[PDB]
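Chemist: Let me begin by handing over the structure; questions about it come next.
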2 protein chains.
Amino acid sequence: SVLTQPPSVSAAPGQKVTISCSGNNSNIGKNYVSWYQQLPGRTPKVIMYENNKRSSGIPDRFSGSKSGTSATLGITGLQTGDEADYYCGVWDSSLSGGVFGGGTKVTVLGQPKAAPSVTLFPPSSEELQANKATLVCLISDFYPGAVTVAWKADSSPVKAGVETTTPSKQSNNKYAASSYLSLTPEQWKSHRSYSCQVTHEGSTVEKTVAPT
Amino acid sequence: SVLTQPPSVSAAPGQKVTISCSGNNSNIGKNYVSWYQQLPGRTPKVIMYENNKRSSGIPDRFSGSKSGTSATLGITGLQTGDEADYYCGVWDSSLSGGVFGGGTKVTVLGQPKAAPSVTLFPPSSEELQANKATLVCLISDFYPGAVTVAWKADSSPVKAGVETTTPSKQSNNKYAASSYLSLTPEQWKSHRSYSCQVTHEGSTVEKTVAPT
C-alpha cells in the first residue's frame, strides 16, 4: 500500500459514499487512476479507469475524480449490491511500477430484511426414466442468510433424504440456497402431495408439488 | 478475467501443487507479479510479490516464478491451512492499470474425488402459469468443492441472469451447489433447448432440457 485509503465507509441504503486515495506527485499527480471493486470471495474487477472513465457495464451511481495528488470514488444511491472492498490504482513514475491503496470496506448499514423467493420443482421426466426422484426447493433473494427448511409428505414431516445447501452470497449481496429431497419413484407417486416450508427470520413460506 | 488460471488444483497432504497464470508481454511479460491468498471468510492478503519475493510469515513451501508471459505459484508440503483461493495480479503497461487472474481453489485431498451428479430441472407448470420460468441445475456429490458452470441457449452461451451458489459440504461429506437461470416463458419457448454444462477437474458433463 503506497496509496493511502480509509479502512472503511458505512452509509444507509440510498445514501452517498466517498472514498479518498492519497498519493504523491510521481503517481496520482502524473498518471491515470483506476478503481477496482472486489465482492467477497471474488477476484478484483476494474470499475473506473483514466481518473473518471467508467468501465463497461458499471452503473451511473459510480463516479470517479482526480485533483492534485488525490483521487476520490463517489457512489451515490448506495445499494446492498455495492458492499465490497474498493482499491485505487495508478502507475508510480518514481519507482517504475503499478501501485495500489490499502482498500476500503463499504458497508450498507441497517440493511432491510428480505424474505426468500421459493421455487419448488418436481422430479424431472428424464430423471424418473432412470428410476430416480429428486425434489428441489430453490430458495433465493433473501437477507440475512439464515434459513430453516422443513419437508412434508402430505401431512407428515419428512426427516431423512433432505439436504439444504449453506446460503451463499449472490451477485446482489443477497442470498441463495436450495433444499433437495431424494426419493424412490415408488415413494413419490404414492403420496398425494409434497411440501417445502422455508423459515426465515421467524416467518414461513410454504410451497407444494403433486405428481403430473 | 484477463489473466488465466486453472479453477481447481489439488493433491494429498505432503504433496506439491503448481498454479499457472497466463498473460501477455504487456502484462506478465514486462511487469512484477503478485499472488493473493483469500482464506475462507477472511480478506485477501499478498503472499508473493516481485515475481518470487515472499511476504512476512510465508513459509519456504511457497515459491513464485515467471517465465515469458506466464507466472507460476508452487506449493510443497501441502497442508490443510493452504486450502484457500489464490489469484495473480500484474500491471498491464498497455491498459495502464492492474489485471487479475480468475482465481484458483486449492484443495488438500482428504477423501476420494467424486464427479458431480447433475440434474437439470425445466420451469414447472405452476411457474409458467404465472408467466415466470426458472431453470435449475442441481450439482451434488462432488469432491473437490469447485465447479465451473456454463449455460447454452440452443448452442450460444447465456451471458445474463445466471446465478451459481458457492459449494457447501453435505451430510455425506461431498459438496453440492445449484445454478439457476431466470427466463421469460417466451425465452424458454423461443429456443429448442437449454443446456447446463458442469466442469469439475477437467471433466465436463452436459445436461439438456426442452419445453415439455
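Chemist: Hey, residue A:195 hits all of (1) closer than 30 Å to residue A:59 by Cβ; (2) hydroxyl-bearing (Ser, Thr, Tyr); (3) in contact with a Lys or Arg (Cβ under 9 Å, 6 or more places away or on another chain) but one; which does it fall short on?
Modeler: (1)
Chemist: If you check B:198, B:162, B:205, B:209, which single one turns out to be surrounded by 18 or more Cβ atoms within 10 Å (Cβ to Cβ) and more than 12 Å from every other protein chain (Cβ to nearest Cβ)?
Modeler: B:198
Chemist: For the stretch A:159-179, state whether one or more residues are in contact with a helix residue (DSSP H, G or I) (Cβ under 6 Å, 6 or more places away or on another chain), touching a residue at least 60 places away in the same chain (Cβ under 8 Å) and at positive phi.
Modeler: So far as the stretch A:159-179 goes, yes, one or more of its residues are in contact with a helix residue (DSSP H, G or I) (Cβ under 6 Å, 6 or more places away or on another chain), touching a residue at least 60 places away in the same chain (Cβ under 8 Å) and at positive phi.
Chemist: How many of the residues making up the stretch A:43-95 are touching a helix residue (DSSP H, G or I) at 6+ places or on another chain (Cβ under 9 Å) and not aromatic (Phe, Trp, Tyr)?
Modeler: Residues that pass the stated criteria total 3.
Chemist: Return yes or no: is residue B:128 within 11 Å of chain A (Cβ to nearest Cβ) and more than 17 Å from the chain's Cα centre (by Cα)?
Modeler: Here the answer is no, as residue B:128 does not meet what is asked.
Chemist: Given the residues A:60, A:85, A:92, which is the only one that is under 23 Å from the mean Cα position of the chain (by Cα), within 18 Å of residue A:3 (Cα to Cα) and of a type in the set (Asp, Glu)?
Modeler: Matching residue, one of A:60, A:85, A:92: A:85.
Chemist: Scanning for something part of a loop (DSSP other than H, G, I, E, B), more than 17 Å from residue B:97 (Cα to Cα) and either in contact with a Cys (Cβ under 8 Å, 6 or more places away or on another chain) or within 14 Å of another protein chain (Cβ to nearest Cβ) (or both), does the stretch A:81-95 turn up at least one residue?
Modeler: Yes, the stretch A:81-95 has at least one match.
Chemist: Would you mind finding the one in A:118, A:106 that is surrounded by 15 or more Cβ atoms within 10 Å (Cβ to Cβ), more than 30 Å from residue A:49 (Cα to Cα) and not acidic (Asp, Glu)?
Modeler: Among A:118, A:106, only A:118 is surrounded by 15 or more Cβ atoms within 10 Å (Cβ to Cβ), more than 30 Å from residue A:49 (Cα to Cα) and not acidic (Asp, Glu).
A quick note on method: Cβ atoms are made from the backbone with ideal geometry, for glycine too, and the neighbour counts reach across all protein chains shown. Read the figures in this text as sums done on the coordinates, not as results from a lab.
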